[PDB]
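Chemist: Coordinates for the following, if possible.
(2 chains)
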Amino acid sequence: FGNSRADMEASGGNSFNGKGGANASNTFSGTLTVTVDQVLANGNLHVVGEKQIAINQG
Amino acid sequence: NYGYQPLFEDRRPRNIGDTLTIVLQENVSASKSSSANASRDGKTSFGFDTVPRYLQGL
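Modeler: Residues are numbered from 1 along each chain as shown, chains lettered A, B, ... in the order given. There you are, the coordinates:
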């Protein structure tokens, strides 16, 4: 053990941090009058409708 | 002669040229938003401050 033959010192480190995420949203509010353009075999009604508003510059 | 006119029925437009009051009340509002993120951090280290003799060559 003389002459620092067995003296030793070591250190080590390892680090990892990952993360992730996502999100989506949508809202819609209004009222629209549509018209029936087809009646299906079970009585369900296909409906289509369009509202066009022009206010000033569009 | 203006033809037959119902007595107790509410006054409705029935023929071409009849007038009707439209109360314009429109309130439409739609919105959508989304986001995504991802992160990754990595750190690694190793150090031999004092190396014993039998480990020196390595």
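Chemist: Centre of the chain to the host helix or strand of residue A:15, how far?
Modeler: Secondary structure assignment for residue A:15, by DSSP states H and E: strand A:9-29. Its chain's average C-alpha position is 16 Å from that of strand A:9-29, according to CA atoms, centre = their mean, to the nearest Å.
Chemist: which residues does the residue positioned nearest the centre of chain B contact?
Modeler: Central residue of chain B (CA atoms, centre = their mean): residue B:32, 1.9 Å from the mean position. By CB atoms under 8 Å, 6 or more residues apart in numbering or on different chains, the contact list for residue B:32 reads A:24-27. C-beta here means a position set from N, CA and C on the backbone, and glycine is covered the same way.
Chemist: if we look at chain B, which of the residues you listed are close to it?
Modeler: A:24-27 (CB under 8 Å from any CB of the partner chain).
Chemist: can you list those residues in CSV and add neighbour count?
Modeler: Formatted as CSV, the ones next to chain B among the contacts of residue B:32 follow (neighbours: other CB atoms under 10 Å in any protein chain shown):
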residue, neighbour count
A:24, 9
A:25, 9
A:26, 9
A:27, 9
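Chemist: Of all pairs in those residues, which one is the farthest apart?
Modeler: The distance between the two most remote of these (CB to CB) is 11.7 Å, for A:24 and A:27.
Chemist: since we're on the residue lying closest to residue A:49 once chain neighbours are set aside, how many residues are nearby?
Modeler: Of all residues not flanking residue A:49 in the chain, residue A:34 sits nearest, at 2.8 Å (CB to CB, 6 or more residues apart in numbering or on different chains). Using other CB atoms under 10 Å in any protein chain shown, residue A:34 has 12 other residues around it.
Chemist: Could you do the one 10 residues further on as well?
Modeler: When neighbours are defined as other CB under 10 Å, residue A:44 has 9 of them.
Chemist: From chain B, how far off is it?
Modeler: The gap separating residue A:44 from chain B is 26 Å, by CB to the nearest CB, to the nearest Å.
Chemist: Over to residue A:11?
Modeler: From residue A:11 to chain B the distance is 5 Å (CB to the nearest CB).
Chemist: Alright, I will stop here.
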